[PDB]
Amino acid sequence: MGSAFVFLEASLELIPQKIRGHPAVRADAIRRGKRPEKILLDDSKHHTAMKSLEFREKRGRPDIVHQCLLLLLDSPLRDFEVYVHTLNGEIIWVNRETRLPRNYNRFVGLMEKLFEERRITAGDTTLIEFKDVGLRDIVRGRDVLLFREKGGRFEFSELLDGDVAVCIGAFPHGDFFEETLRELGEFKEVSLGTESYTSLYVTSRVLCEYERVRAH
């Protein structure tokens, strides 16, 4: 039932209710020509409005998952599914054949449309859609590999054997929520080295190892 890549705690959400009246948000609403509740949170635009938010260090960074998805979906290997788990626990499925906008502003608009319409389609074919399941459900039947600095050292030919779920954080700061780790069930923690790497770099390195083994 195949492998999957799952981006965890992706920094992807609409502007939270309680900051929608802030001047920085109202100003962006005017510039964008739509209501605050429809706009994706982006700390390059909304920073001054975000002071009161919980876990703020994780929030307002849709650029991270944008770039990771672009690279991953550019792979010529088509034997995996792609999911995005958001900071708020929502599950988005991305059809392996989806061509995402390469321009960040166009990506943001597409994500806004996704949050509004709940699915993006090519006629009868679904390209991107929220699923009414949790993180625990998309890792069913797959060996979960959680990439974290504190993890262990393993041979990739062994790691990327059968059906795997490659799980990489897509947020800029902090550690995984305890809830996220509980949802993963059984998992193996895998480290690439003694330093904190970016989501994009980890995606790149893991994709390369994955293709080495599996394309093969």
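Each residue number is its position in the shown sequence, starting from 1.
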key: Of 63 to 71 and 179 to 187, the one with larger mean CA B-factor   = 179 to 187
query = So which stretch wins on mean C-alpha B-factor, 76 to 84 or 103 to 111?
reply = 76 to 84
message = Checking the record values for 165, 40, 27, 168, which has the greatest CA B factor?
response = 27
message = Take the CA temperature factors straight from the PDB entry and tell me which of 11, 198, 204, 194 peaks.
response = 194
